[PDB]
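Enquirer: Structural data only, the sequence is not supplied:
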(Lines give C-alpha, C1' and ligand atoms only; values in the text may rest on other atoms or scores of the structure.)
Protein backbone atom coordinates (compact mmCIF):
# COMPACT_ATOMS: atom_id res chain seq x y z
CA UNK A 1 0.00 0.00 0.00
CA UNK A 2 1.27 3.47 -0.97
CA UNK A 3 1.96 6.42 1.35
CA UNK A 4 1.04 10.09 1.20
CA UNK A 5 2.93 12.09 3.79
CA UNK A 6 1.78 15.66 4.19
CA UNK A 7 3.66 18.39 6.06
CA UNK A 8 1.65 20.90 8.12
CA UNK A 9 3.69 23.97 8.92
CA UNK A 10 1.77 24.79 12.06
CA UNK A 11 4.59 26.44 13.99
CA UNK A 12 6.11 28.84 11.48
CA UNK A 13 9.11 28.44 9.13
CA UNK A 14 11.80 30.83 7.76
CA UNK A 15 10.79 30.31 4.08
CA UNK A 16 6.94 30.00 4.44
CA UNK A 17 5.89 32.23 7.45
CA UNK A 18 3.46 32.22 10.48
CA UNK A 19 1.49 28.95 10.92
CA UNK A 20 -2.04 27.95 9.85
CA UNK A 21 -5.25 26.96 11.66
CA UNK A 22 -5.27 23.28 12.67
CA UNK A 23 -9.01 23.49 13.47
CA UNK A 24 -9.56 23.86 9.68
CA UNK A 25 -7.18 21.07 8.63
CA UNK A 26 -8.64 18.31 6.42
CA UNK A 27 -6.61 15.08 6.75
CA UNK A 28 -8.76 12.42 5.03
CA UNK A 29 -6.48 12.43 1.97
CA UNK A 30 -3.20 11.40 3.73
CA UNK A 31 -1.71 8.41 5.57
CA UNK A 32 0.90 10.27 7.68
CA UNK A 33 1.12 13.91 8.85
CA UNK A 34 4.40 15.60 9.70
CA UNK A 35 3.57 18.42 12.07
CA UNK A 36 6.36 20.95 11.74
CA UNK A 37 8.49 22.12 13.45
CA UNK A 38 10.08 21.23 16.75
CA UNK A 39 13.31 23.20 17.17
CA UNK A 40 16.52 22.46 19.14
CA UNK A 41 18.03 24.37 22.04
CA UNK A 42 21.53 25.30 20.92
CA UNK A 43 24.65 27.41 21.57
CA UNK A 44 25.42 28.33 17.98
CA UNK A 45 26.71 31.91 18.14
CA UNK A 46 24.47 33.12 15.29
CA UNK A 47 21.10 31.91 16.66
CA UNK A 48 18.55 34.72 16.70
CA UNK A 49 15.66 33.05 18.59
CA UNK A 50 16.10 33.83 22.35
CA UNK A 51 13.95 30.83 23.45
CA UNK A 52 16.59 28.45 22.05
CA UNK A 53 19.68 30.05 23.66
CA UNK A 54 18.89 28.75 27.20
CA UNK A 55 22.06 26.94 28.25
CA UNK A 56 20.31 24.84 30.95
CA UNK A 57 18.25 22.96 28.28
CA UNK A 58 20.93 22.69 25.61
CA UNK A 59 20.26 19.82 23.08
CA UNK A 60 16.60 19.37 24.13
CA UNK A 61 13.68 19.99 21.77
CA UNK A 62 11.74 23.25 22.02
CA UNK A 63 8.07 23.42 21.26
CA UNK A 64 6.81 26.93 20.63
CA UNK A 65 3.47 27.81 22.25
CA UNK A 66 1.65 27.47 18.94
CA UNK A 67 3.14 24.01 18.34
CA UNK A 68 2.14 23.02 21.90
CA UNK A 69 -1.39 24.33 21.48
CA UNK A 70 -1.70 22.52 18.13
CA UNK A 71 -0.44 19.11 19.31
CA UNK A 72 -3.04 19.16 22.12
CA UNK A 73 -5.69 19.09 19.32
CA UNK A 74 -4.59 15.82 17.63
CA UNK A 75 -7.49 13.78 19.00
CA UNK A 76 -9.90 15.83 16.80
CA UNK A 77 -7.69 15.20 13.74
CA UNK A 78 -7.73 11.44 14.35
CA UNK A 79 -11.58 11.50 14.32
CA UNK A 80 -11.27 12.48 10.66
CA UNK A 81 -8.83 9.64 9.81
CA UNK A 82 -8.43 6.93 12.47
CA UNK A 83 -5.66 5.05 10.53
CA UNK A 84 -3.58 8.25 10.36
CA UNK A 85 -0.07 8.40 11.82
CA UNK A 86 1.19 11.73 13.21
CA UNK A 87 4.87 12.63 13.52
CA UNK A 88 6.64 15.75 14.74
CA UNK A 89 9.24 17.11 12.40
CA UNK A 90 12.24 18.55 14.16
CA UNK A 91 14.43 20.83 12.13
CA UNK A 92 13.57 22.51 8.86
CA UNK A 93 15.46 24.96 6.70
CA UNK A 94 17.79 27.06 8.92
CA UNK A 95 17.07 25.19 12.17
CA UNK A 96 20.26 25.15 14.19
CA UNK A 97 21.34 22.71 16.82
CA UNK A 98 21.63 19.27 15.24
CA UNK A 99 25.38 19.38 14.84
CA UNK A 100 25.78 19.86 18.59
CA UNK A 101 22.84 17.64 19.56
CA UNK A 102 24.36 14.69 17.62
CA UNK A 103 27.99 15.29 18.66
CA UNK A 104 28.36 13.01 21.74
CA UNK A 105 26.71 10.01 23.45
CA UNK A 106 25.74 12.54 26.16
CA UNK A 107 24.26 15.16 23.83
CA UNK A 108 22.31 12.47 21.92
CA UNK A 109 20.83 10.97 25.07
CA UNK A 110 19.52 14.40 26.12
CA UNK A 111 17.97 14.89 22.69
CA UNK A 112 16.54 11.40 22.59
CA UNK A 113 15.11 11.73 26.14
CA UNK A 114 13.47 15.00 25.11
CA UNK A 115 11.89 13.37 22.05
CA UNK A 116 10.48 10.52 24.19
CA UNK A 117 8.73 12.98 26.55
CA UNK A 118 7.14 14.80 23.62
CA UNK A 119 5.97 11.51 22.06
CA UNK A 120 4.63 10.14 25.36
CA UNK A 121 2.94 13.43 26.14
CA UNK A 122 1.08 14.27 22.99
CA UNK A 123 0.39 10.68 21.85
CA UNK A 124 2.48 10.98 18.67
CA UNK A 125 3.08 7.99 16.39
CA UNK A 126 6.68 8.98 15.69
CA UNK A 127 9.40 11.54 15.03
CA UNK A 128 10.88 12.92 11.83
CA UNK A 129 14.29 14.61 11.73
CA UNK A 130 14.93 17.31 9.09
CA UNK A 131 18.56 18.25 9.38
CA UNK A 132 19.45 20.72 6.64
CA UNK A 133 22.20 19.68 6.39
CA UNK A 134 24.87 17.55 8.07
CA UNK A 135 28.55 18.18 7.10
CA UNK A 136 27.51 20.82 4.59
CA UNK A 137 25.53 23.02 7.06
CA UNK A 138 23.41 24.47 4.24
CA UNK A 139 26.47 26.28 2.93
CA UNK A 140 27.28 27.77 6.39
CA UNK A 141 23.75 28.62 7.47
CA UNK A 142 23.88 26.18 10.43
CA UNK A 143 26.87 24.82 12.39
CA UNK A 144 28.44 21.81 10.80
CA UNK A 145 31.42 19.45 10.95
CA UNK A 146 32.81 16.38 9.16
CA UNK A 147 31.74 14.13 12.06
CA UNK A 148 28.05 15.03 11.46
CA UNK A 149 27.60 12.17 9.05
CA UNK A 150 28.68 9.33 11.35
CA UNK A 151 27.11 11.27 14.27
CA UNK A 152 23.75 11.32 12.52
CA UNK A 153 23.91 7.52 12.24
CA UNK A 154 24.63 7.19 15.96
CA UNK A 155 21.68 9.48 16.81
CA UNK A 156 19.25 7.56 14.64
CA UNK A 157 20.38 4.15 15.93
CA UNK A 158 20.06 5.31 19.55
CA UNK A 159 16.71 6.97 18.84
CA UNK A 160 15.45 3.71 17.37
CA UNK A 161 16.57 1.64 20.37
CA UNK A 162 14.91 4.14 22.70
CA UNK A 163 11.53 4.55 20.94
CA UNK A 164 11.35 0.86 20.11
CA UNK A 165 9.98 -0.89 17.06
CA UNK A 166 6.30 0.35 16.92
CA UNK A 167 6.98 4.13 16.83
CA UNK A 168 7.90 5.77 13.54
CA UNK A 169 11.41 7.20 12.97
CA UNK A 170 11.97 8.99 9.65
CA UNK A 171 14.09 11.70 7.93
CA UNK A 172 14.17 14.23 5.12
CA UNK A 173 17.16 14.29 2.78
CA UNK A 174 18.33 16.88 0.23
CA UNK A 175 18.30 16.92 -3.53
CA UNK A 176 22.01 17.68 -3.68
CA UNK A 177 24.02 14.92 -5.36
CA UNK A 178 26.58 15.32 -2.60
CA UNK A 179 24.08 14.25 0.12
CA UNK A 180 24.16 10.44 -0.38
CA UNK A 181 27.88 10.70 -1.23
CA UNK A 182 29.03 12.40 1.95
CA UNK A 183 26.34 14.02 4.19
CA UNK A 184 24.11 11.09 5.14
CA UNK A 185 25.16 7.43 5.23
CA UNK A 186 22.13 6.00 3.46
CA UNK A 187 23.12 2.33 3.66
CA UNK A 188 23.83 2.64 7.40
CA UNK A 189 20.57 4.43 8.40
CA UNK A 190 17.95 2.74 6.16
CA UNK A 191 17.78 -0.35 8.39
CA UNK A 192 16.66 1.72 11.43
CA UNK A 193 14.21 4.08 9.68
CA UNK A 194 10.67 3.39 8.46
CA UNK A 195 11.16 5.45 5.32
CA UNK A 196 13.08 8.46 4.01
CA UNK A 197 11.47 11.48 2.39
CA UNK A 198 13.37 12.98 -0.58
CA UNK A 199 13.25 16.75 -0.84
CA UNK A 200 12.93 16.67 -4.64
CA UNK A 201 12.32 20.38 -5.18
CA UNK A 202 14.03 23.81 -4.64
CA UNK A 203 16.13 23.39 -7.79
CA UNK A 204 15.45 26.88 -9.26
CA UNK A 205 18.92 28.13 -8.29
CA UNK A 206 22.17 28.89 -10.02
CA UNK A 207 21.57 28.60 -13.75
CA UNK A 208 18.49 26.32 -13.57
CA UNK A 209 15.00 27.57 -14.36
CA UNK A 210 12.75 24.85 -12.94
CA UNK A 211 12.08 24.31 -9.29
CA UNK A 212 10.74 20.78 -9.39
CA UNK A 213 11.01 19.34 -12.90
CA UNK A 214 10.68 15.56 -13.13
CA UNK A 215 12.99 15.32 -16.13
CA UNK A 216 15.24 17.79 -17.93
CA UNK A 217 13.87 20.20 -20.54
CA UNK A 218 15.61 21.04 -23.79
CA UNK A 219 13.36 24.12 -23.97
CA UNK A 220 14.73 25.75 -20.76
CA UNK A 221 18.12 24.17 -20.11
CA UNK A 222 20.40 24.59 -17.17
CA UNK A 223 23.82 25.91 -18.18
CA UNK A 224 26.26 24.83 -15.43
CA UNK A 225 26.71 21.09 -14.82
CA UNK A 226 26.62 21.54 -11.04
CA UNK A 227 23.17 23.27 -11.14
CA UNK A 228 21.58 20.58 -13.35
CA UNK A 229 18.84 18.71 -11.43
CA UNK A 230 15.55 16.87 -11.84
CA UNK A 231 13.36 14.79 -9.55
CA UNK A 232 14.39 11.71 -11.60
CA UNK A 233 18.10 12.45 -11.09
CA UNK A 234 17.75 12.80 -7.32
CA UNK A 235 15.70 9.60 -7.17
CA UNK A 236 18.45 7.77 -9.16
CA UNK A 237 21.31 9.18 -7.02
CA UNK A 238 19.81 7.63 -3.86
CA UNK A 239 19.04 4.27 -5.56
CA UNK A 240 22.72 4.13 -6.60
CA UNK A 241 23.57 5.00 -2.98
CA UNK A 242 21.77 1.87 -1.78
CA UNK A 243 18.32 3.05 -0.71
CA UNK A 244 15.64 0.53 -1.71
CA UNK A 245 12.74 2.17 -3.55
CA UNK A 246 10.03 0.86 -1.19
CA UNK A 247 11.77 2.86 1.61
CA UNK A 248 11.69 6.13 -0.25
CA UNK A 249 8.96 8.77 -0.68
CA UNK A 250 9.08 11.30 -3.51
CA UNK A 251 8.73 14.84 -2.20
CA UNK A 252 6.47 17.29 -4.01
CA UNK A 253 6.31 21.05 -3.37
CA UNK A 254 2.89 22.70 -3.52
CA UNK A 255 4.59 25.92 -4.48
CA UNK A 256 6.75 27.58 -7.08
CA UNK A 257 9.93 29.61 -7.12
CA UNK A 258 11.22 32.51 -9.13
CA UNK A 259 14.60 31.23 -10.41
CA UNK A 260 17.71 33.05 -9.18
CA UNK A 261 18.79 33.22 -12.81
CA UNK A 262 16.09 35.84 -13.47
CA UNK A 263 17.58 38.23 -10.86
CA UNK A 264 21.25 37.24 -10.20
CA UNK A 265 24.06 36.42 -12.68
CA UNK A 266 24.70 32.65 -12.85
CA UNK A 267 28.16 31.29 -12.03
CA UNK A 268 29.78 28.08 -13.14
CA UNK A 269 32.03 27.42 -10.16
CA UNK A 270 34.37 25.12 -12.15
CA UNK A 271 35.88 28.15 -14.01
CA UNK A 272 38.83 30.42 -13.22
CA UNK A 273 37.87 33.60 -11.32
CA UNK A 274 34.35 32.16 -11.63
CA UNK A 275 32.67 34.82 -9.47
CA UNK A 276 33.32 37.81 -11.81
CA UNK A 277 32.91 35.78 -15.01
CA UNK A 278 29.26 34.64 -15.14
CA UNK A 279 27.66 32.28 -17.70
CA UNK A 280 24.10 33.63 -17.52
CA UNK A 281 22.74 37.14 -17.08
CA UNK A 282 19.60 38.29 -15.32
CA UNK A 283 16.56 39.40 -17.30
CA UNK A 284 14.34 40.98 -14.60
CA UNK A 285 14.52 44.74 -14.61
CA UNK A 286 13.34 46.98 -11.79
CA UNK A 287 9.82 46.90 -13.27
CA UNK A 288 9.47 43.13 -12.97
CA UNK A 289 10.91 43.41 -9.44
CA UNK A 290 8.26 46.06 -8.71
CA UNK A 291 5.50 43.77 -10.04
CA UNK A 292 6.40 41.06 -7.51
CA UNK A 293 6.88 43.63 -4.75
CA UNK A 294 3.37 44.93 -5.38
CA UNK A 295 1.99 41.41 -4.70
CA UNK A 296 3.93 41.12 -1.40
CA UNK A 297 7.10 39.40 -2.71
CA UNK A 298 10.51 40.92 -2.04
CA UNK A 299 12.75 39.00 -4.47
CA UNK A 300 15.96 40.00 -2.71
CA UNK A 301 14.66 38.18 0.43
CA UNK A 302 12.92 35.09 -0.98
CA UNK A 303 11.57 33.54 -4.15
CA UNK A 304 8.87 31.24 -2.70
CA UNK A 305 5.29 31.48 -3.94
CA UNK A 306 2.66 29.16 -2.52
CA UNK A 307 0.21 27.39 -4.81
CA UNK A 308 -2.86 29.05 -3.36
CA UNK A 309 -1.26 32.44 -4.07
CA UNK A 310 -0.25 31.31 -7.55
CA UNK A 311 -3.93 30.52 -8.21
CA UNK A 312 -5.38 33.48 -6.28
CA UNK A 313 -2.99 36.35 -6.98
CA UNK A 314 -1.20 35.37 -10.21
CA UNK A 315 -3.43 33.17 -12.40
CA UNK A 316 -6.49 35.14 -11.28
CA UNK A 317 -4.75 38.53 -11.51
CA UNK A 318 -7.34 41.00 -12.86
CA UNK A 319 -4.48 42.59 -14.93
CA UNK A 320 -3.54 39.12 -16.23
CA UNK A 321 0.12 39.92 -15.94
CA UNK A 322 1.15 36.23 -15.65
CA UNK A 323 0.55 33.73 -18.47
CA UNK A 324 0.34 29.96 -17.92
CA UNK A 325 2.56 27.55 -19.80
CA UNK A 326 3.28 23.88 -19.73
CA UNK A 327 6.63 22.16 -20.39
CA UNK A 328 6.03 18.65 -21.67
CA UNK A 329 9.69 17.62 -21.25
CA UNK A 330 10.02 18.86 -17.67
CA UNK A 331 6.36 17.86 -16.91
CA UNK A 332 5.66 21.01 -14.88
CA UNK A 333 3.77 24.24 -15.52
CA UNK A 334 5.42 27.64 -15.47
CA UNK A 335 4.41 31.29 -15.72
CA UNK A 336 5.70 34.12 -17.88
CA UNK A 337 5.55 37.88 -17.37
CA UNK A 338 5.85 40.53 -20.02
CA UNK A 339 9.17 42.25 -20.72
CA UNK A 340 9.33 46.01 -21.46
CA UNK A 341 9.48 45.24 -25.15
CA UNK A 342 6.48 42.82 -25.14
CA UNK A 343 8.05 39.32 -24.85
CA UNK A 344 7.44 36.59 -22.21
CA UNK A 345 10.05 36.10 -19.53
CA UNK A 346 10.21 32.91 -17.48
CA UNK A 347 8.91 33.90 -14.00
CA UNK A 348 8.39 30.68 -12.03
CA UNK A 349 7.78 26.98 -12.29
CA UNK A 350 5.39 25.25 -9.84
CA UNK A 351 3.07 22.23 -9.56
CA UNK A 352 -0.55 21.93 -10.59
CA UNK A 353 -2.96 18.98 -10.74
CA UNK A 354 -1.51 17.71 -14.01
CA UNK A 355 2.11 17.75 -12.81
CA UNK A 356 1.14 16.14 -9.51
CA UNK A 357 -0.71 13.38 -11.36
CA UNK A 358 2.37 12.80 -13.54
CA UNK A 359 4.58 12.40 -10.49
CA UNK A 360 1.98 10.12 -8.92
CA UNK A 361 2.34 8.00 -12.07
CA UNK A 362 6.11 8.00 -11.80
CA UNK A 363 5.88 6.94 -8.16
CA UNK A 364 3.72 3.97 -9.32
CA UNK A 365 5.96 3.07 -12.28
CA UNK A 366 9.23 3.39 -10.41
CA UNK A 367 7.89 1.38 -7.43
CA UNK A 368 8.54 4.03 -4.76
CA UNK A 369 6.83 3.91 -1.34
CA UNK A 370 4.75 7.00 -1.84
CA UNK A 371 4.74 10.76 -1.92
CA UNK A 372 5.55 13.47 0.57
CA UNK A 373 4.37 17.04 0.13
CA UNK A 374 5.24 20.46 1.45
CA UNK A 375 2.76 21.61 2.62
CA UNK A 376 -0.92 21.94 3.59
CA UNK A 377 -0.65 25.67 4.21
CA UNK A 378 0.41 26.36 0.58
CA UNK A 379 -2.36 24.26 -1.06
CA UNK A 380 -5.75 25.60 -2.34
CA UNK A 381 -8.61 23.97 -0.46
CA UNK A 382 -6.57 20.71 -0.53
CA UNK A 383 -6.76 20.56 -4.36
CA UNK A 384 -3.24 19.11 -4.89
CA UNK A 385 -3.48 16.89 -1.82
CA UNK A 386 -6.64 15.37 -3.35
CA UNK A 387 -5.18 14.99 -6.78
CA UNK A 388 -2.22 13.21 -5.27
CA UNK A 389 -4.51 10.82 -3.35
CA UNK A 390 -6.84 10.18 -6.34
CA UNK A 391 -3.78 9.46 -8.52
CA UNK A 392 -1.91 7.28 -6.04
CA UNK A 393 -4.96 5.10 -5.21
CA UNK A 394 -5.22 5.88 -1.51
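Expert: Yes, it's here. Numbering: from 1, shown residues only.
Enquirer: C-alpha from now on. contacts and neighbour counts both.
Expert: Noted.
Enquirer: Which elements pack onto the longest helix seen in the chain?
Expert: For the chain, the helix with the greatest residue count under DSSP state H is helix 105-122. Secondary-structure packing of helix 105-122 (3 or more Cα pairs under 8 Å, 6 or more residues apart in numbering; DSSP states H and E): strand 61-62, helix 98-101, strand 126-130, helix 148-163.
Enquirer: Can you tell me how far the spatially most central residue of the chain is from residue 189?
Expert: The chain has residue 199 as the residue nearest its centroid, 5.1 Å off, counting by Cα atoms, centre = their mean. Distance of residue 199 to residue 189, given as Cα to Cα, to the nearest Å: 17 Å.
Enquirer: so how far is residue 320 from the residue of the chain most remote from its centre?
Expert: Computed with Cα atoms, centre = their mean, the residue of the chain farthest from its C-alpha average is residue 341, at 36.5 Å. Using Cα to Cα, residue 341 is found at 17 Å from residue 320.
Enquirer: With residue 188 instead?
Expert: 51 Å.
Enquirer: Which one's more surrounded, the two?
Expert: residue 188 (16 against 11; other Cα atoms under 10 Å).
Enquirer: burial of residue 276, as a residue count?
Expert: 9.
Enquirer: Repeat that for residue 245.
Expert: 20.
Enquirer: now do residue 357
Expert: Residues near residue 357, counting by other Cα under 10 Å, number 19.
Enquirer: Pretty sure residue 387 is one of the things it touches, is it not?
Expert: Yes. Here residue 357 reaches residue 387: they are 6.6 Å apart, a contact under Cα atoms under 8 Å.
Enquirer: What is the burial count for residue 106?
Expert: 12.
Enquirer: Likewise for residue 53?
Expert: When neighbours are counted by other Cα under 10 Å, residue 53 comes out with 17.
Enquirer: correct me, but it touches residue 42?
Expert: Yes. The criterion here is Cα under 8 Å, and residue 53 meets it with residue 42 at 5.8 Å.
Enquirer: which residues of this structure fall in strands?
Expert: If DSSP state E is used as the criterion, the strands of the chain fall at 3-9, 32-40, 61-62, 85-91, 126-130, 168-173, 195-198, 248-253, 255-257, 304-306, 322-327, 332-338, 344-349, 370-374.
Enquirer: Now mean neighbour count and distance to residue 364 too, for the ones you listed, in JSON lines please.
Expert: Output for these, formatted as JSON lines (neighbours: other Cα atoms under 10 Å; distance: least, Cα to Cα, whole Å):
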{"stretch": "strand 3-9", "mean neighbour count": "24", "distance to residue 364": "11"}
{"stretch": "strand 32-40", "mean neighbour count": "24", "distance to residue 364": "18"}
{"stretch": "strand 61-62", "mean neighbour count": "23", "distance to residue 364": "36"}
{"stretch": "strand 85-91", "mean neighbour count": "24", "distance to residue 364": "22"}
{"stretch": "strand 126-130", "mean neighbour count": "24", "distance to residue 364": "24"}
{"stretch": "strand 168-173", "mean neighbour count": "22", "distance to residue 364": "21"}
{"stretch": "strand 195-198", "mean neighbour count": "24", "distance to residue 364": "16"}
{"stretch": "strand 248-253", "mean neighbour count": "26", "distance to residue 364": "11"}
{"stretch": "strand 255-257", "mean neighbour count": "26", "distance to residue 364": "22"}
{"stretch": "strand 304-306", "mean neighbour count": "21", "distance to residue 364": "26"}
{"stretch": "strand 322-327", "mean neighbour count": "16", "distance to residue 364": "21"}
{"stretch": "strand 332-338", "mean neighbour count": "21", "distance to residue 364": "18"}
{"stretch": "strand 344-349", "mean neighbour count": "22", "distance to residue 364": "24"}
{"stretch": "strand 370-374", "mean neighbour count": "25", "distance to residue 364": "8"}
